[PDB]
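Listed next as structure tokens is one chain, alone, in the form deposited in one PDB entry.
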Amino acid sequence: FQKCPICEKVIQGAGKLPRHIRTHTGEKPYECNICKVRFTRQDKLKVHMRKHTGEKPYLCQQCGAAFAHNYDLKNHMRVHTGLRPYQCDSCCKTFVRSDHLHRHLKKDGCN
């Protein structure tokens, strides 16, 4: 949509350019009034408030288990299916999180 005036990086998000250039300041305008811990963006503050309020919006269809994070629900699925989701296309190894697969590719030669 538009280009960053500082880092000259293009953002495809509509209206997300102000969000990007606000990170260069380093400010944390959003503050948790309970724990006095400040975050970078409003949505990050909102998910942090789930810790204090105890809300568990993510539900398992069959288990009924409630989790505060989407990935926690995804990990719970692995106790039902027993399937490790991420797979390396060359070394034929499996991983339980996406960054673990990325770490394997960068750090090791896979083979």
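Numbering starts at 1 and runs along the sequence shown. So that the term is clear: the rigid core is the largest set of C-alpha atoms that superpose within 1.5 Å between two forms. Only residues modelled in both forms are compared.
The discussion below concerns the form deposited in another entry, not included here.
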Exercise for review: Look at the CA atoms of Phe67 and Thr53: state whether they lie closer or farther apart in the other form than in this form, given a difference of 3 Å or more.
Suggested key: closer
Practice item. Report the direction of the Cα distance change between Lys51 and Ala65 in the other form, compared with the displayed form, as closer or farther; the change is 3 Å or more. Key: closer
Practice item. Provide the ranges, sorted by sequence, of consecutive runs with at least 3 residues in which each Cα shifts 2 Å or more between the shown form and the other one, based on a superposition on the core. Key: 12 to 15, 54 to 81
